[PDB]
Structures are given as C-alpha cells and as structure tokens.
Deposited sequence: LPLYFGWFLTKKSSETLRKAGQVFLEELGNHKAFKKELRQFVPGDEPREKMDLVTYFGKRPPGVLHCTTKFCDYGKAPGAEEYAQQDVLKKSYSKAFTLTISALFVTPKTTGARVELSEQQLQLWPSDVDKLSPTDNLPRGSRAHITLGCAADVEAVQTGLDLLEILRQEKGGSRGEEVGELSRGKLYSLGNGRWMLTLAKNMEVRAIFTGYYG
C-alpha cells in the first residue's frame, strides 16, 4: 500500500495554485491589517513567502486517506473499495474556494463534490469526538509550512478555522486582495475567500514516498 492516496495536481494546475498562494502571501504581508497583528503572528515587516519556508517543490496534492503502507487503521479496507478501483488513475476537477494563513501553515480549502466524497475516508473530519463538521471539511492542499511544523498540521488548521466559524465566531472582513475578500479570524489566522473559485485538474493515485 502507499504512504497515502490522494489527488495529485497536473503541472499546470500546480503552478497556477502555487502562484495564487504566493501572490496571496505577498499581498497579505504588505496589508495594513496584517501589519497591525504582527506580534500576534510572530512574537519589522515579515516576508511570508520566506516565513513559509518548507513548500512543496513541484506537484501539489489533496490527500484522501493516509495509509502508512498499511499500518494506518482502515488503510487496506480503503484501498480495496470498488469506487477506488474505478477512480484510480482517473482525472478529476477539484474546486478551491479559499486560501488561508496561520502561524503554522498556509494552504487552500478544497470543496469536494458528492462524487469525490465517495473517496473521502471516515473519521478524519473531527478534532474532538463530538464534532459534527460536514464530511470532507479537512480537504485541503498544503502550500507551505513554518520551519518546525509538520505538513499534516495544514488540515488540522483548516478544521480549526471551520470549527470556529461553525461555532459562531466568523472572520471579520478587513479588506480585499487579488482574487477576493480578506478575513481576520484572530490569533494569527487569515482567510481569503475567492470571488471566483479556482478549479484544478488532478489525478487520483497513490504516493509511495
């Protein structure tokens, strides 16, 4: 079994989203709202492209099931599904509706279709036992991580953002960047909601390390 399954972006789609991410970081770091919050981000204008120093080098992806070569619970069962066999090596179009920044990670929020959710595993959309976020809420594409941060944190950061909003504490609109509206979520967290959702082409496959 692979390390994980997921949707792996084409070269062109990866480059498009990477560039969108970079422009977001560049503009956010120069935005007055961000500058006001600098000590809530890093306890001196900060170059966020540099801050998020660990980045995917080329092909970007949206993970479905972490398998750990069969050691992750449910990996084998997931791999054996007819729907996976029918989807393997097939091209999909994923919708990105927002970009986000926290002190740990930056990435893209993916909003999966009903069909794509057939490939989404159980028990990944919770931060606590009693959480009731929509199926697929964790779906994301990592665009960068702070130096001491593991890439898995990107999904956890998105879940935290979505939990905050579901709980009734939504972001404050503080302005407009390229591609959409900027929201301050507090505690170093920022979200760009895209005026036009970005569509990326990607192949469902397994990654072996």
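- The deposited sequence has C-alpha coordinates everywhere except the stretch 44-48.
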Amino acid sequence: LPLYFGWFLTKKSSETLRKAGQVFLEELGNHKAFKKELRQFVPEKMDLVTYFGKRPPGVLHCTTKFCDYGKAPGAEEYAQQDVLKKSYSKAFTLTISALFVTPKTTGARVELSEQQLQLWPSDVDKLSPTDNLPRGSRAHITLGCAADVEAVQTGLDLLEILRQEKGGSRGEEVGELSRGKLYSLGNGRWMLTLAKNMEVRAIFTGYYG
From here on, numbers count along this sequence of modelled residues.
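- Per-stretch averaging of Cα B factors for 6-14 and 191-199 places 191-199 on top.
- When the C-alpha B-factors of 65-73 and 172-180 are averaged, 172-180 comes out higher.
- Within the selection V101, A108, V124, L94, the deposited Cα B-factor values reach their highest point at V124.
- Highest CA B-factor among the listed residues (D148, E37, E26, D157): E37.
- When the modelled residues of the chain are ordered by C-alpha B-factor, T142 sits in the lowest third.
- Split the chain's modelled residues into thirds by C-alpha temperature factor. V59 is in the middle one.
- Per-chain ranking of the deposited C-alpha B factor places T50 in the middle third.
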